[PDB]
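In what follows, a structure is listed as structure tokens, so that the remarks can point back to it.
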Protein chains: 6
Amino acid sequence: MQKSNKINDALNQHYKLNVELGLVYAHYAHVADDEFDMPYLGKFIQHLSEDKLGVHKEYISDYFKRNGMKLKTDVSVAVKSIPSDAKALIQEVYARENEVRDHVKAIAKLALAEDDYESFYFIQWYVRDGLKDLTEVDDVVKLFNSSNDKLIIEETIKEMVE
Amino acid sequence: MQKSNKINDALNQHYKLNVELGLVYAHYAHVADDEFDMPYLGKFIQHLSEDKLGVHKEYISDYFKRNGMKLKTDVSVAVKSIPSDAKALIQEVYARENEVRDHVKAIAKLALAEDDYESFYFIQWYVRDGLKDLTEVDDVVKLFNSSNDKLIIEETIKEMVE
Amino acid sequence: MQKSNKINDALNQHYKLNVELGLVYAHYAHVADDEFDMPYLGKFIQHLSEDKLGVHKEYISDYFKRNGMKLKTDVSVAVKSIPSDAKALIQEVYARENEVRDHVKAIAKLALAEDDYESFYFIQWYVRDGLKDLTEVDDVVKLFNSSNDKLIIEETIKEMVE
Amino acid sequence: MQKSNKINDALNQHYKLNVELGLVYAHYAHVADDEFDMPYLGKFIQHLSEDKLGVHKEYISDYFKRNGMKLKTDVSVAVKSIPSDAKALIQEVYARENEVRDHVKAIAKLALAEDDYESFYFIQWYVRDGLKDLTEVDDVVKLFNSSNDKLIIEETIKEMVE
Amino acid sequence: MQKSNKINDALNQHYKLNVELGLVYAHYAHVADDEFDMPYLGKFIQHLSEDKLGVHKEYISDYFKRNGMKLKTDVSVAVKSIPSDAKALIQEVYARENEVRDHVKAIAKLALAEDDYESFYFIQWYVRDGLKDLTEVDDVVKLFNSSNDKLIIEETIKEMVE
Amino acid sequence: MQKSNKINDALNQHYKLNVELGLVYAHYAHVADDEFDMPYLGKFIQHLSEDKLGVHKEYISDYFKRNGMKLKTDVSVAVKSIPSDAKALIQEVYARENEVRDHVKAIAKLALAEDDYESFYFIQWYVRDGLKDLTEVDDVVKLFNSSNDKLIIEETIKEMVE
Ligand SMILES: [Fe+3]
Ligand SMILES: [Fe+3]
Ligand SMILES: [Fe+3]
Ligand SMILES: [Fe+3]
Ligand SMILES: [Fe+3]
Ligand SMILES: [Fe+3]
Ligand SMILES: [Fe+3]
Ligand SMILES: [Fe+3]
Ligand SMILES: [Fe+3]
Ligand SMILES: [Fe+3]
Ligand SMILES: [Fe+3]
Ligand SMILES: [Fe+3]
Ligand SMILES: [Fe+3]
Ligand SMILES: [Fe+3]
Ligand SMILES: [Fe+3]
Ligand SMILES: [Fe+3]
Ligand SMILES: [Fe+3]
Ligand SMILES: [Fe+3]
Ligand SMILES: [Fe+3]
Ligand SMILES: [Fe+3]
Ligand SMILES: [Fe+3]
Ligand SMILES: [Fe+3]
Ligand SMILES: [Fe+3]
Ligand SMILES: [Fe+3]
Ligand SMILES: [Fe+3]
Ligand SMILES: [Fe+3]
Ligand SMILES: [Fe+3]
Ligand SMILES: [Fe+3]
Ligand SMILES: [Fe+3]
Ligand SMILES: [Fe+3]
Ligand SMILES: [Fe+3]
Ligand SMILES: [Fe+3]
Ligand SMILES: [Fe+3]
Ligand SMILES: [Fe+3]
Ligand SMILES: [Fe+3]
Ligand SMILES: [Fe+3]
Ligand SMILES: [Fe+3]
Ligand SMILES: [Fe+3]
Ligand SMILES: [Fe+3]
Ligand SMILES: [Fe+3]
Ligand SMILES: [Fe+3]
Ligand SMILES: [Fe+3]
Ligand SMILES: [Fe+3]
Ligand SMILES: [Fe+3]
Ligand SMILES: [Fe+3]
Ligand SMILES: [Fe+3]
Ligand SMILES: [Fe+3]
Ligand SMILES: [Fe+3]
Ligand SMILES: [Fe+3]
Ligand SMILES: [Fe+3]
Ligand SMILES: [Fe+3]
């Protein structure tokens, strides 16, 4: 029993990702209410933000405390352009959640390659939240192709959030 | 009724500060438990982190949604050195909370100078949380000069957090 | 301790304003249900009317009873033209609530200039209700640009009122 | 089935009256507490004010919404002289409530003359509130001829309001 | 962030004032029951005494603990003459509560002049208690001009205290 | 049945003492938290302060109201030096509570000498509170000789106060 430097770096990068995405989603939530007049779209994405800045980063920090791995905090993120409309906004959220699934798959593959079975298990939670969080977002992108009425979409989002 | 660009920038900078401090405190919380074997010191500072990354940044974003001001997300923070022991760790937290009070005082002074009375009011919450958050931290720094026993200090912190 | 005649006049004018607006909103509420077939738009604006004719005017009268200021009742208001459709109706409500914020800012500025700190405090409630009432109205004007279906808008207004 | 222009005007005038009286009573309530040191006399007259500015004007507006009549809002009222003492103050309230009964009797007489039976019924509520509101006021004017002690009168008013 | 010696002295003087007034009101409460046979007048003024010797002085001491200011305890007060009757007794209470409002206004003016925004906020509580406490007293002085019967006045005071 | 001037003076002096001590303890409570970082020591001494400024002075004032004795309010107290550390602080409290017992014994001795049996009884409460209050303080001074750890002492004080 030891501590894989390779897994430590991949998990430090995943920590980095969840902080930076969460800050982007926090901004996107502001825009969804403010500029696009879709307050419940904003609540959906703000909950995504609090999830990414919350248990997604805390589980890695907690995991490090126990296996002997070192936490690194290096965060750089700037929101320099915003998508043009609400549909693109949530389409962009979806693209980044698809990238999460990819990164999560790389960590499982590497944990097995390092015979780090504690780290393969730890990541099983992330293997699923990736699909769960992606479906939630997908359920929302669906709405924008089923209605042209923002208040219809908003009402349907409200019950997803409630 | 309008929108002071000067106040917008000062509040965007305060948003920036509360995100960046919160990420630093999140790291400092990890270290307080992991390296210094003080789990409740870590819980105190993690609650500080969640407060700074939470209502401190959300109130500014919510305030902007109503007065017409623009949110900017530009975050750069790297935790490159850690203090040597728990006392210095919480001493460093204190220094940064003292800097918050200074920044908050500049925004009140400027709001009056701009006759932005909605913004002077908004900041009244921050004028006080600055003193309240500073006292909480001060109560903890006190302990390290009243006992040389980490488990005594930890037990006293626990009831502050409970 | 005394009684600023200047503040007394500005507060008597604000009393005047809240009575006259409330009578206009009472009419606009009637029209929103009667002519535009939007009963919940009418309930939103009738609640605005009862608020302006209620605690907005009573707090000034109560404040005068305590600091020694004289109440004046001079009310002249006639609703001679109505906006063309519901969107313009609530757009017009918004314009007048923006003018409230302006007037409220003048009273805070003057209270400080007169070192009337009891009157600066009294007005802090109005500094915020101005923004709160303006956001409520803004949330409604939003709907008319997000849907072309009056019954969709009405249903969304209903839950704001409920 | 139609819409009597004559009844519409008489009911628009009654709307006008109840708004203007209510604004006068709102002032008289202020004076009864402030200048005459009779806070419960003020509460009695403030409740009269809220009643006149409330269901008295709302029932006409609601009635118009259903029979097809047009609401007019033309309000002019200025409180330029105040009675000399509390007795005269409530004596003056009484005189105006006696004038309400007269106006209400004219509308019933006219509704029958126009065979407007929906409007004769609507006014039956007002035929009685006129007598009820007049008795409440009369019960108060009674007190001022039964005691010369303002605090005795105030205590008796309090239980009428409670 | 620092500590204004000028504000410290003005707040130490306000501490001094609230202790000394409270001791005077404690005596005046004794006299109101003992000599003037008005036990509930005494309870009104004794509650004023406990308020001045209580949260009025404790909030300053608590405020000092947090901003770094020094408490001074220098108290000199002697009750060498008593007013002639109950009316004058409560008239004298009123005069001193009017002087509190004046002193409180000086501290707000000075806090702004020193850009001490934490101290301007702290004093906002006192800006209002000054008016609230003055109205309570004013409500009592009112009674002595509305009745010549001490037991009527006493009964009315009792429900204010209850 | 009469009124002993000698007892009146001794009880007026005891009133004086309990006011002045209470103001000193109020200061000492501030110092115990602020300078010595012992918040619960401060709560112990603040409760002592509220007791001395409360029922200790009120029972004398109430006793005077019934036997015909005259209350005098002559208070002079200045806290010009503070003890060096917490141990001395509570040691000083103890010394003054020992002086209370002495003064209380003089009043009992004098009441018997004057055959003032109502006053001998009144003082029986004080004969015991003197010993009770002295033991509470003694229990605290004990702690400072049983531990050298301020946070241990503080924790033990907390349960005495709770
Ligand atoms: Fe990654
Ligand atoms: Fe979730
Ligand atoms: Fe990056
Ligand atoms: Fe293998
Ligand atoms: Fe998730
Ligand atoms: Fe629907
Ligand atoms: Fe539902
Ligand atoms: Fe539904
Ligand atoms: Fe439903
Ligand atoms: Fe800042
Ligand atoms: Fe907190
Ligand atoms: Fe930076
Ligand atoms: Fe200015
Ligand atoms: Fe905070
Ligand atoms: Fe506990
Ligand atoms: Fe414990
Ligand atoms: Fe416990
Ligand atoms: Fe105005
Ligand atoms: Fe409202
Ligand atoms: Fe006008
Ligand atoms: Fe000035
Ligand atoms: Fe409002
Ligand atoms: Fe519902
Ligand atoms: Fe619904
Ligand atoms: Fe529903
Ligand atoms: Fe009429
Ligand atoms: Fe009624
Ligand atoms: Fe008229
Ligand atoms: Fe006929
Ligand atoms: Fe009525
Ligand atoms: Fe009675
Ligand atoms: Fe009763
Ligand atoms: Fe009764
Ligand atoms: Fe009763
Ligand atoms: Fe003062
Ligand atoms: Fe009070
Ligand atoms: Fe003095
Ligand atoms: Fe300045
Ligand atoms: Fe008070
Ligand atoms: Fe009662
Ligand atoms: Fe009663
Ligand atoms: Fe009663
Ligand atoms: Fe003594
Ligand atoms: Fe006790
Ligand atoms: Fe002395
Ligand atoms: Fe003897
Ligand atoms: Fe005691
Ligand atoms: Fe312990
Ligand atoms: Fe316990
Ligand atoms: Fe315990
Ligand atoms: Fe315990």
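Here, A, B, ... name the chains of the structure tokens in the order displayed, residue numbers run from 1 inside each chain, and ligands are numbered from 1 in the same displayed order.
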
Interface list for chain B, partner chain E, 10 Å threshold, only C-alpha atoms, as a ChimeraX atom specification: /B:98-106,108-109,112,124-128,130-132,134-136,138

Give as a list in words the residues surrounding ligand 22 up to a distance of 8 Å, considering only C-alpha atoms and all ligand atoms.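 Those residues are residues 48, 51, 52, 55, 56, 126, 129, 130, 132 and 133 of chain C.
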
What is the atom CA of residue F:155 to atom CA of residue E:69 distance in Å?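 Between atom CA of residue F:155 and atom CA of residue E:69 the gap works out to 26.8 Å.
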
Just want the residues within 12 Å of ligand 48, written as a list in words, counting only C-alpha atoms and all ligand atoms.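 Listing the residues within 12 Å of ligand 48 gives residues 149, 150, 151, 152, 153, 154, 155, 156, 157, 158 and 159 of chain B; 149, 150, 151, 152, 153, 154, 155, 156, 157, 158 and 159 of chain F.
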
Just-selected residues, N, CA, C and O atoms written as a tab-separated table (two decimals), in the first residue's frame:
```
chain	number	residue	atom	x	y	z
B	149	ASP	N	-2.02	22.58	24.16
B	149	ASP	CA	-2.49	21.22	23.93
B	149	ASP	C	-3.47	21.22	22.77
B	149	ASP	O	-4.60	21.72	22.90
B	150	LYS	N	-3.06	20.63	21.64
B	150	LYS	CA	-3.92	20.65	20.45
B	150	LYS	C	-5.27	20.01	20.71
B	150	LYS	O	-6.28	20.47	20.15
B	151	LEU	N	-5.34	18.96	21.54
B	151	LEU	CA	-6.64	18.33	21.76
B	151	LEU	C	-7.55	19.16	22.65
B	151	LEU	O	-8.77	19.08	22.54
B	152	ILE	N	-6.98	19.99	23.53
B	152	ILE	CA	-7.81	20.93	24.26
B	152	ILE	C	-8.39	21.96	23.30
B	152	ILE	O	-9.58	22.27	23.34
B	153	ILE	N	-7.54	22.50	22.42
B	153	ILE	CA	-8.01	23.50	21.48
B	153	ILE	C	-9.09	22.91	20.59
B	153	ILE	O	-10.17	23.48	20.42
B	154	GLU	N	-8.83	21.70	20.06
B	154	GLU	CA	-9.80	21.03	19.21
B	154	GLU	C	-11.15	20.87	19.90
B	154	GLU	O	-12.19	21.17	19.31
B	155	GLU	N	-11.15	20.46	21.17
B	155	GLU	CA	-12.41	20.28	21.88
B	155	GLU	C	-13.16	21.59	22.03
B	155	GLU	O	-14.39	21.64	21.90
B	156	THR	N	-12.44	22.68	22.30
B	156	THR	CA	-13.09	23.99	22.38
B	156	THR	C	-13.62	24.44	21.02
B	156	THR	O	-14.70	25.03	20.95
B	157	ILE	N	-12.89	24.15	19.93
B	157	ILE	CA	-13.39	24.50	18.61
B	157	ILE	C	-14.66	23.74	18.31
B	157	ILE	O	-15.59	24.27	17.68
B	158	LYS	N	-14.74	22.49	18.74
B	158	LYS	CA	-15.87	21.65	18.39
B	158	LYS	C	-17.18	22.28	18.84
B	158	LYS	O	-18.15	22.30	18.07
B	159	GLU	N	-17.22	22.83	20.05
B	159	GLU	CA	-18.45	23.45	20.53
B	159	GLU	C	-18.76	24.78	19.84
B	159	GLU	O	-19.94	25.15	19.74
F	149	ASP	N	-3.83	25.74	32.55
F	149	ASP	CA	-4.33	25.79	31.18
F	149	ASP	C	-5.61	26.61	31.16
F	149	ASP	O	-6.65	26.15	31.66
F	150	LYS	N	-5.55	27.79	30.55
F	150	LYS	CA	-6.72	28.67	30.53
F	150	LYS	C	-7.93	28.00	29.89
F	150	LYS	O	-9.06	28.25	30.33
F	151	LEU	N	-7.74	27.17	28.86
F	151	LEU	CA	-8.91	26.56	28.23
F	151	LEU	C	-9.51	25.45	29.08
F	151	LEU	O	-10.72	25.19	29.00
F	152	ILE	N	-8.72	24.81	29.93
F	152	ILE	CA	-9.30	23.88	30.89
F	152	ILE	C	-10.15	24.64	31.89
F	152	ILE	O	-11.28	24.25	32.20
F	153	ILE	N	-9.61	25.74	32.41
F	153	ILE	CA	-10.35	26.53	33.39
F	153	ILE	C	-11.64	27.04	32.78
F	153	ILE	O	-12.73	26.89	33.35
F	154	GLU	N	-11.54	27.59	31.56
F	154	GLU	CA	-12.71	28.10	30.86
F	154	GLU	C	-13.79	27.04	30.72
F	154	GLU	O	-14.97	27.29	31.00
F	155	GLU	N	-13.41	25.82	30.33
F	155	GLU	CA	-14.39	24.76	30.17
F	155	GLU	C	-15.08	24.42	31.49
F	155	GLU	O	-16.30	24.18	31.52
F	156	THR	N	-14.32	24.40	32.59
F	156	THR	CA	-14.93	24.16	33.89
F	156	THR	C	-15.85	25.31	34.30
F	156	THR	O	-16.91	25.07	34.89
F	157	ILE	N	-15.47	26.56	33.99
F	157	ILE	CA	-16.35	27.68	34.31
F	157	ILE	C	-17.65	27.57	33.54
F	157	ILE	O	-18.72	27.90	34.05
F	158	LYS	N	-17.58	27.11	32.29
F	158	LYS	CA	-18.76	27.08	31.45
F	158	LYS	C	-19.88	26.28	32.09
F	158	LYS	O	-21.03	26.72	32.09
F	159	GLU	N	-19.56	25.12	32.67
F	159	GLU	CA	-20.60	24.31	33.29
F	159	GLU	C	-21.11	24.91	34.60
F	159	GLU	O	-22.27	24.66	34.96
```

What residues in chain C get the DSSP label alpha helix (DSSP H)? Please answer as a PyMOL selection string. chain C and resi 5-34+39-51+57-67+86-113+117-146+150-161

Would you kindly return, as number ranges by chain, each protein, DNA or RNA residue with an atom no farther than 9 Å from any atom of residue E:141, considering only C-alpha atoms and excluding same-chain residues fewer than 6 positions away? E: 87-88, 90-91, 94

Take the residues that were just selected and, keeping N, CA, C and O atoms, output them as a PDB file, in the first residue's frame.
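Output file again.pdb is given in full below:
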```pdb
ATOM      1  N   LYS E  87     -46.335  64.591  36.852  1.00  0.00           N
ATOM      2  CA  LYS E  87     -46.253  65.167  35.510  1.00  0.00           C
ATOM      3  C   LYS E  87     -44.853  65.678  35.218  1.00  0.00           C
ATOM      4  O   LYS E  87     -44.260  65.338  34.194  1.00  0.00           O
ATOM      5  N   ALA E  88     -44.305  66.490  36.119  1.00  0.00           N
ATOM      6  CA  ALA E  88     -42.946  66.988  35.947  1.00  0.00           C
ATOM      7  C   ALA E  88     -41.924  65.846  35.920  1.00  0.00           C
ATOM      8  O   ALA E  88     -40.959  65.879  35.144  1.00  0.00           O
ATOM      9  N   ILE E  90     -42.195  62.752  34.728  1.00  0.00           N
ATOM     10  CA  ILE E  90     -42.114  62.164  33.398  1.00  0.00           C
ATOM     11  C   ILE E  90     -41.765  63.203  32.335  1.00  0.00           C
ATOM     12  O   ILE E  90     -41.198  62.846  31.292  1.00  0.00           O
ATOM     13  N   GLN E  91     -42.082  64.482  32.573  1.00  0.00           N
ATOM     14  CA  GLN E  91     -41.597  65.548  31.704  1.00  0.00           C
ATOM     15  C   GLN E  91     -40.084  65.617  31.737  1.00  0.00           C
ATOM     16  O   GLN E  91     -39.447  65.893  30.716  1.00  0.00           O
ATOM     17  N   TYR E  94     -38.579  62.814  29.757  1.00  0.00           N
ATOM     18  CA  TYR E  94     -38.659  63.138  28.333  1.00  0.00           C
ATOM     19  C   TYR E  94     -37.504  64.026  27.895  1.00  0.00           C
ATOM     20  O   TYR E  94     -36.896  63.797  26.841  1.00  0.00           O
TER      21      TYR E  94
END
```

Long-range neighbours of stretch 73-76 of chain C as a VMD selection string, 6 Å cut-off, only C-alpha atoms, 2 positions minimum in chain: chain D and resid 75 to 79

With C-alpha atoms kept, could you save the residues just selected as a short mmCIF file (atom, residue, chain, number, x, y, z; two decimals), in the first residue's frame?
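This is the output file again_4.cif:
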```
data_model
loop_
_atom_site.label_atom_id
_atom_site.label_comp_id
_atom_site.auth_asym_id
_atom_site.auth_seq_id
_atom_site.Cartn_x
_atom_site.Cartn_y
_atom_site.Cartn_z
CA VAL D 75 -59.90 62.31 -7.52
CA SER D 76 -59.37 65.78 -6.03
CA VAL D 77 -59.23 66.25 -2.26
CA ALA D 78 -57.27 68.61 -0.02
CA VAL D 79 -57.49 68.75 3.76
#
```

Quick one: pull the distance between atom CA of residue E:58 and atom CA of residue F:31, Å, one decimal.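 That distance, rounded to one decimal, is 13.0 Å.
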
DSSP-assigned strand (DSSP E or B) members of chain C, reported as number ranges by chain: C: 74-78

Which residues, written as a ChimeraX atom specification, have at least one atom at most 10 Å from residue C:82, with only C-alpha atoms counted and residues fewer than 2 positions away on the same chain left out? /C:27-28,31,79-80,84-85,88-89,92

Please compute the atom CA of residue B:70-atom CA of residue B:12 distance, one decimal, in Å.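 Between these atoms lies a distance of 8.3 Å.
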